[PDB]
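The structure appears below as structure tokens.
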Amino acid sequence: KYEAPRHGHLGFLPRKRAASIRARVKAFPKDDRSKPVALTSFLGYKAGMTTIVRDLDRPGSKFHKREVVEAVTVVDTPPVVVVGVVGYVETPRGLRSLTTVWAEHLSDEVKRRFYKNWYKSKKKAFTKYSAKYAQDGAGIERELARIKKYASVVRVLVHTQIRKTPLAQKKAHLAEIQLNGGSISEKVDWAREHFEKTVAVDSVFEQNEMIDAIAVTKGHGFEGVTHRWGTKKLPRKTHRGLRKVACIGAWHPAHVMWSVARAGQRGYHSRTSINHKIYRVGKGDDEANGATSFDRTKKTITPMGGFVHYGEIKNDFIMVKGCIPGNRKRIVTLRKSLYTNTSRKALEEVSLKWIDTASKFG
Amino acid sequence: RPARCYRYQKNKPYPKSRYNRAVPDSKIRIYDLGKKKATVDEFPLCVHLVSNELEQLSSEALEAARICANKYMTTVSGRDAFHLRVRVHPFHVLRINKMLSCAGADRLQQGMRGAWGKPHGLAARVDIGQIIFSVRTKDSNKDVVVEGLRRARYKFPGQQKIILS
Amino acid sequence: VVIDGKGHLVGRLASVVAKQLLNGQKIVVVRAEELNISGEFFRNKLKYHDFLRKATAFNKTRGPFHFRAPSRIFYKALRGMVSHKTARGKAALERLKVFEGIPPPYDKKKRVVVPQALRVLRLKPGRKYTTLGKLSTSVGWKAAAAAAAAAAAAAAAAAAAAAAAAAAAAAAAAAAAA
RNA sequence: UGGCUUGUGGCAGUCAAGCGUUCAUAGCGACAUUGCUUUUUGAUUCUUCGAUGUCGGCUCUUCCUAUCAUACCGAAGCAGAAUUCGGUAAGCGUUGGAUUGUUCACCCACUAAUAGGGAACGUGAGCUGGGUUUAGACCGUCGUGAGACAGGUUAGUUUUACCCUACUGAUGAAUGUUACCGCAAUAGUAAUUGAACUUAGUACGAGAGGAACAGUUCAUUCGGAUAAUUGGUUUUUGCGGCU
RNA sequence: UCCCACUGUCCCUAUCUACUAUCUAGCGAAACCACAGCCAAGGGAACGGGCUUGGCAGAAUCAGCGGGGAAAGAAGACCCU
RNA sequence: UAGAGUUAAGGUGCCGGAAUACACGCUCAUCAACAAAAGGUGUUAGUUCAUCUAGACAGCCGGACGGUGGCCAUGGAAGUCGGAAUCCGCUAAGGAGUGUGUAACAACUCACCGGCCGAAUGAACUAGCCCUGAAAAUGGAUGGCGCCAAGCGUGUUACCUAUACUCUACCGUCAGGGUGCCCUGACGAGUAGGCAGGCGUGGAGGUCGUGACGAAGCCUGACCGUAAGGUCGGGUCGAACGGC
RNA sequence: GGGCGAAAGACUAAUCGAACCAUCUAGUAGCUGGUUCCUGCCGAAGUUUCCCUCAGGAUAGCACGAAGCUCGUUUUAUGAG
RNA sequence: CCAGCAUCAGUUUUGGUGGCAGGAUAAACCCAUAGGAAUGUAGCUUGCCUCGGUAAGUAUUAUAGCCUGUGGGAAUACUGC
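Residue numbers (the working numbering), protein chains in the order written: chain R, 1 to 362; chain D, 363 to 527; chain H, 528 to 705.
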């Protein structure tokens, strides 16, 4: 009953498909016990990268404040629209509300979405898009919600506004998003001014915190043991056992556990990557790219031309030094970081020195 | 074979000078030690290391206890006021089996058949009541063999009961 | 028959509960954490039935499932008496559910009226002995308010008795003043 | 083969007289034994012929610590520091080549440095078939001989689609219903080290030497994230030559 | 065996391509018939999913993969009459 | 072969029926659950003896004396190396010495012994509960829950307990008295094996009896009770077959 | 038991170290396996002298089946570790 | 027709409770009187030290051990009712 060393990550079991295109995360990043109102996460779309030629954050370096080449995902963040701020409190059973406080006017892309009109799946009943529901009487009793003592974290059901980013569809992408803030009272009080229609981007993301890069990754294949775990080939490479593996079980006992080196789905969950440090926030048009060299390929920010398989960016973006899962077209969900490691390098803006602009190709 | 495995005896007697095709050599160096002269003369006090058990005190450990107590009793004097004996001898020649082996061997050496314990060692019998290490030692002041009976029963299998004689 | 598991030993309550469950009588035990198992904090540490070494990481795929809470001890413990094996056994198991806290506000068989044994006196007896609501702490037992609060719930039950209760009492008093 | 004992024996407690400058135990230890134990090394036909297929290594599927190294502590017949020894404690790290079939045997270059034990040593319907059960032919050694040998040499079969289970991915249905997502009563997880800037030329010393403790950065290596300044592929779509 | 140039065998794996797997129609094999199908400890025809206690174990369905039971098969290759 | 009447071997906190009983006691470690050499201020009892108001014993507090460096091993020996004499002194105590210290002097402490205090203390010897010696790999792994009495000894009491024990009847062959058989003794788990008894097919000397106004058969129901398998009855047949 | 050899008993209808087909032939197996109603009466033995004898069997030990009949508890001594 | 099981009235066999008694015996749940040996508690007096107690006398306040003499009590092993 031996062991051979840990080639590949064990605990992505089961390797379940992330059906919904936007990433979810049950364990949300807990409160900013500093900022009086925030959100927990936000929204993005994966677009492309640039080489930010700047200078180091770590100030005591041997080559301190030199020229530094760096990755950056420049993800488009249009602000999300509220349907209603749901006032989750407690009861003596559990995490149960009392009322929501609706928004009056929603967006336009609420037409096609609020349903589950898809084949081999359940509906919803005729809870369609909004008429004019509970907000008038509901807005005052969320004050009385904290007076219960039985009171929990108040949240807000949101939807996107799409075309603004170059993707042309008008059926919105849904999610609930938790409201953070100072205390339970404050994430209710200041969130009354949030449900009006649209929220702020800058409430959750302060410039130069960190931002944990969760999104939905690509489904690579039905990947075998070589790529999915990390086995080799045998150098004889004949017969049956080329890209196979050896042991799955063991003689004594016959019954093993969930470590075994088999084939199946790779990637494609709502997989969480850790503290990618936020570079800058730029609202409109600032940085460019497009340089005629081989580096890595096919995602170009305002060159001569545009991006391939996305569209040219004329919106409002947030720049994360690092990355975030998906590929082109894929809609992402940027969660914030609860444990912010390094000291916040805010107040002033971070350096942009110069950047190229030409073709990307020949 | 440690002396844990030279304890009891389903080895039954076999010890005569007539009927023996020659014994091996022993370790045994000297019997009476300290005083040769005084048995009960100078020494009205004794301790006997009386057996509880019916063991074979093998000739290996027999010399061992006696020679530890020989080397010890030189500090006080190399003929101090004790009389450490050897009594009952290896009369019996200790029969021990092996080289043995059934199939797949030189000539075949058996074990079961070939039951004869082909004479290897020598052992004394030190049964109930009997002692080897009788220590006739002095009345007043220098009694040294009470200590030297820890050093006697150590180089001896079994749990001997110390009796004042 | 509803009892209360409060301020005595664990095994000498479990035994008494089993003979009552026997046929199919619906005995629910209320409180597990205010019982008392014995042992040290040294030998009864490493191999103990919460999380330390043994019974939490104690499973296969088709295999066991234990606990790391002072609530779940008494539930698992009385499968370990009355087993699922016999038909009456698995039936008798469902007649019992244990609760953390005291959700009934009323006074049933609790302290003064209980069976025999139970409330052992430690004088000449007993230097070392544990308590289930100490042992389970650095095992994954948090969240005290949630379970510990239950005491706060039991309080509001008392309150309901003390009312109306208080009223019939004040009356009863005036009755004898007479 | 499995069982049994521990024979043959390994380890420790340890009788502790000796001998190391004085000095039973800094250290070395005559003489050996008692308990434990199953490793050197085998006693036994108990249990087995309608299969009981071998060794070193590649690859991938565990648990314990009889402990090499990382956290924490104490002592010396130890001057700081080099040197010497013992206790708490299993989460993690544990090299590259040459002699030799080969771990053994035996040597070298470094490096922070290169452990112990079991588990059908994962282990031939994943894998090599060098090590490893027959059949060309020769020599030594033995017997009247056909031929033999407790001695060596030369060539000489790894077939095929997993019934049931372990088991890794993907869908379908159960207290009205339900697109959409937060609790944490619980399940799975991640892991290491060195150098340099610099501390400090300070402690302490005959002389070589140079400790406590900070702030700062980064390089080996792993996984997840990975598509821009890198390196390459791109039969899709375009460009050069010959019959 | 030394020696010169050198080498996907490996370091170090990635990418693209032909054909199929997935999925579908038709006609239609193969030797082939144990009640049954969890694990840890315990007793034991002597290494139990099957027997003792305890922990665990639901069904409609398909794609996968080489660890056990020990497959597809012949009355063992060792070994003696 | 069956229901009662009475109890063995052995059990009663609980899975799972029966004391959370009674009396006395060491001990409470979860002891209960392996292990020697060799060893211990846990904790209790008995016996003998040193010791005691004739001032036990501890702590704290002193006198550390004169002869004197007594003498002698030896290169040197110094109380302080080895070995013997064995005192005087001042006769309310200091030995020719309990321990440390420097080659050693140089230096230091004290049983012996002094001074406060004022009651049971201490060595042996014997017995019991504890306690130290004791390492290995899949999930409790020296019980599931767990127990400090729901442990154990000694003394007692209550409840449970083998087709045996035991009541009486019944089943099997055989004996005796007297046929027809009945009374009735002793035993009756069972494989080989022998004997006896009973059920059995094809066939037949026999063959009458039953039959086309419905035979064997097919199929289905009723269906005695010694284990063996056979009579009656219903739907239906279109010629076969048993009294004796 | 011949044909045949530069040798390997290669070779001869997939059979060759003695082709194949048919008959005598249902050769034979001192060894192994399989083998059909019931109850009752009633039911042992694994021991031996002995064998060119050993998974056997003449004989003896013990109870089969059938007919006719058959104890001891213990008292006086005598012999032998 | 055997076993389980059967209206309604009377009776045996075996054991116990509860009440009572004989064999045979006298301790008791607890039983008289006289003389001699003993020694506990309350109260008083006297002496001495000290603020807290102690010693001696106390048959002359009240009561007893153990033996001897005289006199008087006395339900039960077993067995039956």
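We put the beta carbon where it would ideally sit given N, CA and C, even for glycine.
Query - alpha helix (DSSP H) segment containing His227(R), residue limits - result: Position 227 of the first sequence, counting from 1, holds the residue named residue 227(R). Run containing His227(R): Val225 to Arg228, per the alpha helix (DSSP H) assignment.
Query raised in the report: Do you know whose CA, among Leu549(H), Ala671(H), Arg638(H) and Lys533(H), lies nearest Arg606(H)'s CA?
Result: Residue mapping note: residue 606(H) aligns to position 79 of the third sequence, counting from 1. Checking every option, the nearest Cα to that of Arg606(H) belongs to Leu549(H).
Requested in this report: Would you kindly report the start and end of the unbroken alpha helix (DSSP H) that includes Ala465(D)?
Outcome: What you label residue 465(D) is simply residue 103 of the second sequence in a count that begins at 1. Where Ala465(D) is concerned, there is no enclosing alpha helix (DSSP H), given that its DSSP letter is neither H nor E.
Query raised in the report: Helix, strand or coil: how does DSSP classify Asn180(R) here?
Result: In the first sequence, residue 180(R) corresponds to position 180, counting from 1. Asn180(R) sits in a strand when the DSSP states are folded into three classes.
Query - Cβ shell of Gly241(R) (< 7 angstroms), same chain only, five flanking positions each side left out - result: Taking the first sequence and counting its residues from 1, the one referred to as residue 241(R) is at position 241. Closer than 7 angstroms at the Cβ level, and outside the excluded window around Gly241(R), lie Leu234.
Requested in this report: With DSSP as the reference, label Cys247(R) as helix, strand or coil.
Outcome: Looking up residue 247(R) in the first sequence gives position 247. Coil.
Report task. Would you mind reading off the limits of the beta strand (DSSP E) that contains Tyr279(R)? Result -> Translated into the one-based positions of the first sequence, residue 279(R) becomes position 279. Residues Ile278 to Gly282.
Query raised in the report: Got a sec? Which residues, its chain only, sit under 7 angstroms from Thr99(R) by beta carbon, not counting five neighbours each side?
Result: Taking the first sequence and counting its residues from 1, the one referred to as residue 99(R) is at position 99. The answer, listed in chain order, is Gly87, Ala134, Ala138 and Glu141.
Query raised in the report: Thinking C-beta only, is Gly479(D) closer than 8 angstroms to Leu462(D)?
Result: Within the second sequence, numbered from 1, the residue matching residue 462(D) stands at position 100. Within the second sequence, numbered from 1, the residue matching residue 479(D) stands at position 117. Cβ distance not < 8 angstroms, so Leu462(D) and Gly479(D) don't count as in contact.
Query raised in the report: Using CA coordinates, which residue listed in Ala705(H), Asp531(H) and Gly551(H) is at the minimum distance from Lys617(H)?
Result: The residue given as residue 617(H) occupies position 90 in the third sequence. Checking every option, the nearest Cα to that of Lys617(H) belongs to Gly551(H).
Requested in this report: Provide the residue span of the beta strand (DSSP E) that contains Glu417(D), from first to last.
Outcome: The residue given as residue 417(D) occupies position 55 in the second sequence. Its beta strand (DSSP E) spans residues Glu417 to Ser420.
Query raised in the report: What does a CB cutoff of less than 8 angstroms around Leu95(R) pick up in its chain, not counting 5 residues either side in sequence?
Result: Position 95 of the first sequence, counted from the first residue, corresponds to residue 95(R). Taking C-beta separations shorter than 8 angstroms and ignoring five residues to either side along the sequence, the partners of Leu95(R) in its chain run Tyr88 and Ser152, following chain order.
Query raised in the report: So what does DSSP say about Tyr381(D), is it helix, strand or coil?
Result: Translated into the one-based positions of the second sequence, residue 381(D) becomes position 19. In the structure shown, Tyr381(D) sits in coil (DSSP, three-state: anything other than H, G, I, E or B).
Query raised in the report: Given 8 angstroms as the limit, is there contact between the stretch 313-328 of chain R and the stretch 288-296 of chain R, that is, 3 or more CB pairs closer than that?
Result: Verdict: no, contact absent.
Report task. Report the option in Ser61(R), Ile214(R), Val156(R) and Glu348(R) whose CA atom is closest to the CA atom of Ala27(R). Result -> By 1-based counting over the first sequence, the position of residue 27(R) is 27. The candidate whose alpha carbon is nearest that of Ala27(R) is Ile214(R).
Requested in this report: Would you please verify whether the beta carbon of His252(R) is less than 8 angstroms from any beta carbon of chain H?
Outcome: Start at 1 with the first residue of the first sequence, and residue 252(R) comes out as number 252. Output row for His252(R): interface = no.
Query raised in the report: Skipping 5 residues on each side, what residues in its chain have a beta carbon closer than 7 angstroms to that of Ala71(R)?
Result: For the purposes of this step, residue 71(R) is taken as residue 71 along the first sequence, with counting starting at 1. Here the set comprises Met49, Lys321, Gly322 and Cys323.
Report task. Would you kindly work out how many angstroms separate the C-alpha atoms of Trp190(R) and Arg54(R), rounded to a whole number? Result -> Your numbering for residue 190(R) matches position 190 in the first sequence. Your numbering for residue 54(R) matches position 54 in the first sequence. Rounded to whole angstroms, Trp190(R) to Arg54(R) spans 37 angstroms at the Cα level.
Query raised in the report: Is there a Cβ from chain H that is less than 8 angstroms from the Cβ of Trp258(R)?
Result: Locating residue 258(R) in the first sequence gives position 258, counting from the first residue. Taking Cβ atoms only, chain H reaches closer than 8 angstroms to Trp258(R), which makes this a yes.
Report task. Could you tell me which of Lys171(R), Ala263(R), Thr231(R) and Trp258(R) sits nearest to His7(R), measuring between CA atoms? Result -> The sequence position of residue 7(R) within the first sequence is 7, counting from 1. Cα-wise, what sits closest to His7(R) is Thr231(R).
Query raised in the report: At a Cβ threshold of 8 angstroms, is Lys587(H) touching chain R?
Result: The count along the third sequence starts at 1 and reaches residue 587(H) at position 60. Judged by the 8 angstroms Cβ criterion, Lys587(H) is in contact with chain R.
Query raised in the report: Between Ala427(D), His451(D), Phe405(D) and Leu526(D), which lies nearest to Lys378(D) when the distance is taken from Cα to Cα?
Result: Here residue 378(D) corresponds to residue number 16 of the second sequence, with the count starting at 1. Comparing Cα positions, the closest option is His451(D).
Query raised in the report: How many whole angstroms separate the CB atoms of residue 369(R) and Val75(R), which I take to be in contact at a CB cut-off of 8 angstroms?
Result: Here chain R has residues from 1 to 362 only, and residue 369(R) is not among them.
Query raised in the report: For the stretch 272-283 of chain R against the stretch 238-258 of chain R, are there 3 or more C-beta pairs whose distance is under 8 angstroms?
Result: Segments in contact, no.
Query - At least three beta-carbon pairs within less than 8 angstroms, the stretch 391-407 of chain D to the stretch 453-471 of chain D - result: no
Query raised in the report: What span of residues does the alpha helix (DSSP H) with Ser34(R) cover, start to end?
Result: Looking up residue 34(R) in the first sequence gives position 34. DSSP places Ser34(R) in no alpha helix (DSSP H); its state is neither H nor E.
Query - Residue of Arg570(H), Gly532(H) and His611(H) minimising C-alpha distance to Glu621(H) - result: Here residue 621(H) is taken as the residue at index 94 of the third sequence, counted from 1. Nearest Cα to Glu621(H) within the set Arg570(H), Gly532(H) and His611(H): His611(H).
Query - Candidates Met435(D), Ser421(D), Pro364(D) and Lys389(D): closest to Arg487(D) by CA position - result: Sequence index remark: in the second sequence, residue 487(D) carries index 125 (1-based). For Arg487(D), the nearest C-alpha among the options comes from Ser421(D).
**Report entry** Exposure of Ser203(R), with buried meaning 16 or more beta-carbon neighbours within 10 Å
**Finding:** By one-based count along the first sequence, residue 203(R) stands at place 203. Buried, because 16 or more other Cβ atoms sit within 10 Å of the Cβ of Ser203(R).
Query - Nearest to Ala559(H) (by Cα), restricted to the options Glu567(H), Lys624(H), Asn586(H) and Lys581(H) - result: One-based indexing of the third sequence puts residue 559(H) at position 32. Per the Cα distances, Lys624(H).
Query raised in the report: Exposed or buried, which one is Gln169(R) when buried takes at least 16 other CB atoms within 10 Å?
Result: For the purposes of this step, residue 169(R) is taken as residue 169 along the first sequence, with counting starting at 1. Under this definition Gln169(R) is an exposed residue.
Query raised in the report: What are the start and end residues of the alpha helix (DSSP H) that includes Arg539(H)?
Result: Sequence index remark: in the third sequence, residue 539(H) carries index 12 (1-based). Taken as a continuous stretch (DSSP letters only), the alpha helix (DSSP H) holding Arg539(H) covers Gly538 to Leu548.
Requested in this report: Can you check DSSP and say which residues form a bridge with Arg54(R)?
Outcome: The residue labelled residue 54(R) in the question sits at position 54 within the first sequence. DSSP lists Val68(R) as partners of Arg54(R).
Requested in this report: Would you be able to state if there are at least three C-beta pairs under 8 angstroms between the stretch 529-543 of chain H and the stretch 622-641 of chain H?
Outcome: yes
Query raised in the report: Which of the three DSSP states, helix, strand or coil, is assigned to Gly590(H)?
Result: As a first step, residue 590(H) is located in the third sequence; it is residue number 63 there, counting from the start. Three-state result, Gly590(H): coil.
Query - N-terminal and C-terminal residue of the beta strand (DSSP E) that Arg498(D) is part of - result: By 1-based counting over the second sequence, the position of residue 498(D) is 136. That run of the beta strand (DSSP E) goes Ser496 to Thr499.
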